[PDB]
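Here's the structure, in structure tokens; my notes come after.
A note on names: the letters A, B, ... follow the listed sequences, proteins ahead of strands, and every chain is numbered from 1. Note: hydrogens, waters and symmetry copies are ignored here, and every other heavy atom, side chains too, is used.
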Amino acid sequence: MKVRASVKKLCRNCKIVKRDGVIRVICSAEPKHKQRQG
Amino acid sequence: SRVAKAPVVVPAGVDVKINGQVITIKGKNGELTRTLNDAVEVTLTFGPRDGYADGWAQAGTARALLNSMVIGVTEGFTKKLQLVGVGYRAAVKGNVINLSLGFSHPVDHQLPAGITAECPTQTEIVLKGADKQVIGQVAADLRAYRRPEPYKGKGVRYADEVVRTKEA
Amino acid sequence: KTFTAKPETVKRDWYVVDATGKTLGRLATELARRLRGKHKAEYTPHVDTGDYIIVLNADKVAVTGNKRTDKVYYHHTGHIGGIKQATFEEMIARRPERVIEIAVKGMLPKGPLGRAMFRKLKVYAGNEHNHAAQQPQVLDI
Amino acid sequence: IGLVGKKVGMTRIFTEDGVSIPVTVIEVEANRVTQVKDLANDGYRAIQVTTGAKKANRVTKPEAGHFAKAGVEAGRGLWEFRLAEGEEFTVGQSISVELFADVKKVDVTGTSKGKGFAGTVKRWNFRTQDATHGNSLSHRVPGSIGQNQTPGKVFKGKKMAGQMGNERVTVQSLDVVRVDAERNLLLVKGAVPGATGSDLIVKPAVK
RNA sequence: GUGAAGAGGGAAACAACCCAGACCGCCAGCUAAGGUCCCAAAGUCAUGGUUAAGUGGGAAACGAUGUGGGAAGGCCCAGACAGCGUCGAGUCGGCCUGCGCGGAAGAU
RNA sequence: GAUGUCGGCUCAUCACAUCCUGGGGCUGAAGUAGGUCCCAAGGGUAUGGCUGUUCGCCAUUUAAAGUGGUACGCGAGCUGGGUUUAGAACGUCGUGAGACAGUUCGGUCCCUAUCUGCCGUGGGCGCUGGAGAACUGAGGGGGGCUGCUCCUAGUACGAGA
RNA sequence: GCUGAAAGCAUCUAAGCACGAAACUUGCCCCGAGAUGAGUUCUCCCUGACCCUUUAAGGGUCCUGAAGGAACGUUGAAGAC
Ligand SMILES: [K+]
Ligand SMILES: [K+]
Ligand SMILES: [K+]
Ligand SMILES: [K+]
Ligand SMILES: [K+]
Ligand SMILES: [K+]
Ligand SMILES: [K+]
Ligand SMILES: [K+]
Ligand SMILES: [K+]
Ligand SMILES: [K+]
Ligand SMILES: [Mg+2]
Ligand SMILES: [Mg+2]
Ligand SMILES: [Mg+2]
Ligand SMILES: [Mg+2]
Ligand SMILES: [Mg+2]
Ligand SMILES: [Mg+2]
Ligand SMILES: [Mg+2]
Ligand SMILES: [Mg+2]
Ligand SMILES: [Mg+2]
Ligand SMILES: [Mg+2]
Ligand SMILES: [Mg+2]
Ligand SMILES: [Mg+2]
Ligand SMILES: [Mg+2]
Ligand SMILES: [Mg+2]
Ligand SMILES: [Mg+2]
Ligand SMILES: [Mg+2]
Ligand SMILES: [Mg+2]
Ligand SMILES: [Mg+2]
Ligand SMILES: [Mg+2]
Ligand SMILES: [Mg+2]
Ligand SMILES: [Mg+2]
Ligand SMILES: [Mg+2]
Ligand SMILES: [Mg+2]
Ligand SMILES: [Mg+2]
Ligand SMILES: [Mg+2]
Ligand SMILES: [Mg+2]
Ligand SMILES: [Mg+2]
Ligand SMILES: [Mg+2]
Ligand SMILES: [Mg+2]
Ligand SMILES: [Mg+2]
Ligand SMILES: [Mg+2]
Ligand SMILES: [Mg+2]
Ligand SMILES: [Mg+2]
Ligand SMILES: [Zn+2]
């Protein structure tokens with residue numbers, strides 16, 4: 001998990017999702033691309 | 001919206017019972033009950049009630065759930081799990097799945113009401129039940145004991161899933 | 001000279017209120033008003049002219065938004081580091097009458113007379129009270 | 001439930017394999033049930049028991065009437081034990097140390113010996129300051145008791161000199177070495193609170 | 001300009017900010033700033049919107065299918081947008097703007 | 001018309017930007033062991049040599065030897081080594097008296113606690129006739145650390161190690 | 001994580017459901033009804049006469065003196081008192 005103020009899609013398989021008031025990036029391809037805004 | 005518009009075709013030998021919000025679909029496999037969100041206006045047809053801004057979103061979920069209930073009490077759902085690993089084994093004894101997953105202790109998973117398990121081989125588990133949510137949860141719980149390892153793919157996997165391995 | 005109520009000739013009546021589904025703070029203001037006697041023409045700041053109020057179903061009082069989980073009640077024990085807290089839902093589980101009592105206490109005057117006014121509030125968790133002898137009239141808040 | 005006993009004193013039990021077990025000898029005479037509390041009348045389930053004997057001149061009329069209702073002779077005091085949901089007892093029933101026949105461990109409660117007014121060294125294990133190197137009148141004194149203007153007070157619970165002992169203490173999970181029903185004795189391994197002759201409450205170990 | 005050398009009302013408390021300049025008395029009335037659910041005097045006022053964060057009631061670069069409004073585009077029943085080996089109307093992503101969200105750690 | 005100033009000792013108390021122990025995501029994570037980020041403040045968190053030292057270096061421990069706030073916490077609690085009185089000397093500056101953000105040897109630390117607070121312990125009255133007991137438990141406090149060995153198993157993992 | 005739309009897909013979340021730590025609430029130990037919101041249970045004790053008067057939870061008089069308490073004494077593994 002990358003915890004950052006700037007979260008963004010890093011590849012085509014990244015998806016932005018908001019869960020419980022938190023912007024997250026989930027990626028089907030690459031576990032390194034998983035991000036949480038914080 | 002798009003999902004909510006599409007009507008759920010009720011088959012023969014299924015008696016739907018709209019008790020206002022509490023809908024109870026009794027079929028051949030069994031019975032399933034679901035209370036709905038207040039925005040929904042439950043052939044079967046679903047749509048928004050007045051004074052709810054998320055009515056179509058709530059209508060679409062309610063449609064999807066009752067579609068699954070109809071599939072549930074007619075044909076039912078199956079979920080297969082595979083064991084990968086030297087000495088990894090499963091065996092059902094009534095409604096408890098005993099698993100050997102390379103631990104120092106036994107792993108005995110008690111199945112809930114509705115679900116039944118059969119082991120066709122010692123490294124395969126086959127779950128069966130009406131409720132799609134419950135069979136999903138049991139399969140997730142069994143998988144959680146030993147999640148697929150990223151190096152050799154070892155552990156409890158779903159039969160469908162691809163385990164993306166890597167090498168050191 | 002302007003009229004003053006006299007403590008020994010004040011008329012105090014008994015009422016019973018059902019808290020079920022009522023918004024906590026909007027219930028509490030009406031209780032506070034009536035415990036103080038602000039609803040009476042004989043209202044006198046230094047005299048308790050208010051009424052006795054039984055509150056039933058304190059455990060079914062309602063709150064809006066995310067307050068059921070997020071409203072926090074703090075207290076300090078007087079011992080260093082002794083800051084304690086409970087959420088609204090925890091308070092309802094443990095001690096439901098305290099939710100209404102705390103809300104009303106904060107809306108009553110501070111000092112001896114405000115404490116005397118609070119003694120006229122009788123809060124119950126469930127639907128039954130022991131004060132049939134006082135013959136409480138139903139009050140729709 | 002538990003039983004009320006008396007601390008007789010300490011001794012040892014030599015085992016065959018050459019272990020010396022330090023034991024407290026607890027005299028557990030028949031505990032006589034004086035009252036049964038129930039949910040309807042009392043709001044909780046418990047037995048009240050008495051044990052021993054009391055001089056009739058020292059038994060007050062209110063005390064005597066309470067024993068007379070139970071139909072038991074006056075003992076030296078009254079103690080309650082809470083009942084679990086299975087347990088059931090009658091007024092006037094005797095309960096002997098045989099209760100502990102199959103109990104492996106017990107908790108023993110008593111009143112600790114009284115040390116009177118104790119200093120911080122004894123009471124709280126405070127360290128002494130220098131005996132020499134210039135120390136002026138401050139050998140066993142407590143030192144600082146707070147900070148400065150912030151917070152400008154001493155905090156509650158500050159460890160200071162004061163009364164030590166003469167209070168209720170429970171020692172948990174003591175091995176039952178012997179239950180001697182004939183002699184009304186329970187032998188437990190190790191020390192328990194209080195002086196010789198003091199009352200002890202013995203219960204099956206909670207842990 | 002005010003305080004100093006200026007009281008009164010407001011800004012919780014708060015010389016210097018806002019309103020306003022106390023000759024004395026009144027258990028009359030109207031207003032100012034500021035207010036009107038309870039503490040605490042007065043709208044649980046009316047009508048139309050926005051916010052779901054207790055935002056309101058601290059904090060930036062920057063980040064984001066939060067949500068409201070506006071003007072204009074591209075594609076599209078010669079079948080669009082994922083399915084496009086498919087069936088049956090919307091679909092895409094810029095721009096501007098209202099209100100919110102993260103960014104957000106401190107000592108009794 | 002005085003708010004005692006460095007360090008130590010004694011006794012602490014809070015924050016969390018976490019040193020250990022607990023939970024977790026990513027890893028250029030095979031395992032073992034790490035790295036990095038997130039959650040987490042319950043408890044725990046060296047002794048010595050040298051120096052007035054705080055610190056630091058060093059020796060040897062430890063699961064770890066946390067970082068800060070508290071008048072750089074704490075002298076009406078102790079010390080008085082440092083430092084800034086008066087004595088004396090060196091280097092240095094000055095014709096000199098003397099002087100030094102140089103050094104060196106010596107060199108008085110008062111207070112019987114009224115109030116707040118805190119630790120204990122009584123007396124009074126109350127609680128609605130009086131009295132002796134046993135209680136319920138609102139509420140408050142205490143406690144909460146962790147090593148090593150063995151088994152599981154030389155098993156999983158690994159070309160071995 | 002499950003199920004799941006908004007957004008035909010996908011999505012742990014919007015509705016609904018599950019797991020998750022020495023932190024939190026309990027469980028363990030001690031205090032604790034001045035908890036003036038002063039609680040509960042058990043037992044014990046007292047079952048006279050009379051007068052006046054702003055007549056009211058009024059004030060005396062004689063008789064009575066319980067349960068129990070305190071005091072005093074001998075004291076304690078209790079204690080500065
Ligand atoms: K002026
Ligand atoms: K707020
Ligand atoms: K500290
Ligand atoms: K890690
Ligand atoms: K901690
Ligand atoms: K000092
Ligand atoms: K001082
Ligand atoms: K001193
Ligand atoms: K004072
Ligand atoms: K009481
Ligand atoms: Mg969550
Ligand atoms: Mg006030
Ligand atoms: Mg003693
Ligand atoms: Mg020492
Ligand atoms: Mg001296
Ligand atoms: Mg001395
Ligand atoms: Mg203060
Ligand atoms: Mg001047
Ligand atoms: Mg002024
Ligand atoms: Mg003013
Ligand atoms: Mg003011
Ligand atoms: Mg007017
Ligand atoms: Mg105005
Ligand atoms: Mg008002
Ligand atoms: Mg209105
Ligand atoms: Mg705010
Ligand atoms: Mg912002
Ligand atoms: Mg002075
Ligand atoms: Mg943190
Ligand atoms: Mg702590
Ligand atoms: Mg804490
Ligand atoms: Mg805990
Ligand atoms: Mg050192
Ligand atoms: Mg200091
Ligand atoms: Mg410090
Ligand atoms: Mg001081
Ligand atoms: Mg010195
Ligand atoms: Mg000199
Ligand atoms: Mg001194
Ligand atoms: Mg506690
Ligand atoms: Mg504590
Ligand atoms: Mg879906
Ligand atoms: Mg531990
Ligand atoms: Zn990606």
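- The shortest distance between the side-chain N/O atoms of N37(B) and the OP1/OP2 oxygens of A14(G) is not below 4.0 Å.
- For the pair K115(D) NZ and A80(G) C1', the computed distance is 18 Å after rounding to whole Å.
- You won't find any donor-acceptor pair under 3.5 Å spanning the side chain of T29(C) and the base of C38(E), going by distance alone.
- Across all strands shown, nothing is found opposite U65(E) as a Watson-Crick or G-U wobble partner with both distances under 3.5 Å.
- Nucleotide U55(G): unpaired (no Watson-Crick or G-U wobble partner with both distances less than 3.5 Å).
- Phosphate contact (OP1/OP2 of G140(F), side-chain N/O of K84(C), threshold under 4.0 Å): absent.
- Residue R123(D) has a polar side-chain atom (N or O) positioned under 4.0 Å from OP1 or OP2 of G120(F).
- Taking the syn range as angles within 90° of 0, the glycosidic angle of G126(F) is outside it, so the base is anti.
- In this structure, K2(A) and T150(D) both approach RNA chain F, and ranking their closest nucleotides by distance from the 5' end singles out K2(A).
- Under 3.5 Å, the side chain of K166(B) and the base of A29(F) form at least one donor-acceptor pair of N or O atoms.
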Between N or O atoms, less than 3.5 Å apart, protein on one side and nucleotides 133-136 of chain F on the other: list the pairs.
residue	atom	partner	partner atom	Å
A134(F)	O2'	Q48(D)	NE2	2.8
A134(F)	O2'	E80(D)	OE2	2.6
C135(F)	OP1	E80(D)	N	2.9
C135(F)	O2'	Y44(D)	OH	2.6
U136(F)	OP1	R82(D)	NH1	3.0

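- In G107(F) the base sits anti relative to the sugar, since the glycosidic angle is further than 90° from 0.
- Regarding contacts with the backbone of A14(G), every side-chain N or O of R19(A) stays at 4.0 angstrom or more from both OP1 and OP2.
- In terms of polar N and O atoms assigned as donor or acceptor, the side chain of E101(C) comes within less than 3.5 Å of the base of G37(G) in a complementary pairing.
- At a cut-off of 3.5 angstrom, the base of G102(E) holds no donor-acceptor pair with the side chain of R36(A).
- If you check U10(F), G8(G), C39(E) against the side chain of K110(C), the one that comes closest is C39(E).
- Summary of the strand contacts: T77(C) and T60(D) both lie near RNA chain F, and taking for each the nucleotide with the nearest heavy atom, the more 5' one is attributed to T60(D).
- Each of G152(D) and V22(A) has a nearest nucleotide on RNA chain E; the 5'-most of these lies closest to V22(A).
- For the atom pair CD (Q35(D)) and NZ (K69(D)), the distance works out to 6.5 Å, reported to the nearest 0.5 Å.
- Considering only side-chain N and O atoms, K5(B) lies nowhere under 4.0 angstrom from the phosphate OP1 or OP2 of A7(G).
- The side chain of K18(A) contributes no N or O atom lying less than 4.0 Å from OP1 or OP2 of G66(E).
- For the pair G66(E) and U67(E), the rule of 5.5 Å between ring centres and 30° between base planes classifies them as stacked.
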